[PDB]
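Novice: Numbering (mature numbering (1 follows the signal peptide of the UniProt record, and there is no 0)), first residue to last: 1110 to 1144.
A virtual CB, placed ideally from N, CA and C, is assigned to each residue, including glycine.
To start, I am sharing the structure in question, which I have written as structure tokens.
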Amino acid sequence: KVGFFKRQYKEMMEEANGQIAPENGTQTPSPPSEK
């Protein structure tokens, strides 16, 4: 159980992050270098 989340977790995160709203990119799991 790892190769599923890689495409499932990212899909569930982008859909709830604002897949249709401007939120997409505001709460995104940015890297430590930027966060």
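Residue 1117 lies in the alpha helix (DSSP H); which residues open and close that run?
Specialist: For this step, residue 1117 is matched to residue 8 along the sequence shown. Start and end: 1114–1125.
Novice: Have a look at residue 1128 and residue 1116 and give me their C-alpha separation to the nearest angstrom.
Specialist: Within the sequence shown, numbered from 1, the residue matching residue 1128 stands at position 19. Within the sequence shown, numbered from 1, the residue matching residue 1116 stands at position 7. Roughly 15 Å separates the two Cα atoms.
Novice: According to the Cβ coordinates, are residue 1138 and residue 1121 closer than 8 Å?
Specialist: In the sequence shown, the residue the question calls residue 1138 occupies position 29. In the sequence shown, the residue the question calls residue 1121 occupies position 12. No, they are not a contact pair.
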